[PDB]
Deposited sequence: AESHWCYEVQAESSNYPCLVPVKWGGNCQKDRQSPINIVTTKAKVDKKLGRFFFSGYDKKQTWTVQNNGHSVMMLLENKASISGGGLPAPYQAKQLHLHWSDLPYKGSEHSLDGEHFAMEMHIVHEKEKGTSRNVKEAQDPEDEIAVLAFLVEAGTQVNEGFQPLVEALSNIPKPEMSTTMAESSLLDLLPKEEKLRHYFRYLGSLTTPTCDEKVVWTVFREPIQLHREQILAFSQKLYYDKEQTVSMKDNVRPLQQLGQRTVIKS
């Protein structure tokens, strides 16, 4: 590759050359990529997709959050884990990060019936393997964020932290908060979509079991705008961080299922 990967917005907003998504190397040009559009009525119900069990999601922690130049990322350090959800094993939580724009009708990586949401939050987990790498080594939990006028109090520790990490490779410590503070009510997480795909940044490894929850997180417009207002892609602060979103990939021969 002849330069570092970037999102489209970065190449459009700066004169410094970088590799846009359609030009990404690694496995990014293979045929089981993510994100995708999900046609909700065409996803077949699979009875074996039961409720998720969250561990360590309720416990208050002071999380480390950092700007890695592509997004903001909470380091979960195996301090939380998941099971159920039609998953073959329990999975350990590694990180939480987001993708967003500054318009209410875009910012999500996945789309539901052709609608993008204002943001998409990803909680990345790793498989507890046995003896006997796989297509489902990583489980990413995806939550869509809808913009409105409801102040989401649970997001406030994260939103306030953002001022402190404007430039890449900066780290800060969030005020006391839980993962559940960031999510819809647990009982509303029974309905989700499931498919097999890839990581959405290079090298786009095809090792992800995806879950996209039907229920949106409600965040105030100004809490969403805090992300593009407070963060930058570069140490020079010439390009505000937003549209950190990979364009949609074809489902191809794959199947999307739902609980």
Gaps vs the deposited sequence (1-based, no CA atoms) are 133-139
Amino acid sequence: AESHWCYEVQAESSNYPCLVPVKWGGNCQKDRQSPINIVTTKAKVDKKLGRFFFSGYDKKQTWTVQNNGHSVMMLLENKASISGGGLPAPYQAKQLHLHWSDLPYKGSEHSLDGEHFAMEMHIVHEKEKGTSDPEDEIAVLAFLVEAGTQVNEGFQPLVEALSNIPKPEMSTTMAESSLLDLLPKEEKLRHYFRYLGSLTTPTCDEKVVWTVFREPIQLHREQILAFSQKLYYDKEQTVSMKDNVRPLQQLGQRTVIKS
From here on, numbers count along this sequence of modelled residues.
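Throughout, rigid core stands for the largest set of C-alpha atoms superposing within 1.5 Å between the two forms.
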Between 5-13 and 239-247, the one drifting more in C-alpha RMS in 8 other deposited structures of this protein once the core is aligned is 5-13
In 8 other deposited structures of this protein, with the rigid core superposed, the stretch whose C-alphas stray more from the shown form, 164-172 or 146-154, is 146-154
Note to self: Tell me whether residue 181 is absent from the model in at least one third of the other entries compared, counting only those where the residues either side are present.
What the structure shows: no
Margin query: As a check of understanding, is residue 77 unmodelled in at least a third of the other compared entries that model its flanking residues?
Written below: no
Higher avg CA temperature factor (228-236 vs 23-31, as deposited) belongs to 23-31
Going by the entry, of stretches 169-177 and 141-149 the one with greater average Cα B-factor is 169-177
Listed options 71, 95, 132, 81: highest C-alpha B factor recorded at 132
Temperature factor at the Cα of residue 52, chain-ranked in thirds, falls in the middle
Quick tally, chain-level thirds of C-alpha B-factors: residue 39 sits in the middle
Assert third(CA B-factor, residue 109) within chain per record equals lowest
Residue 136: C-alpha B-factor third of its chain, per the entry, is the highest
Assert third(CA B-factor, residue 9) within chain per record equals middle
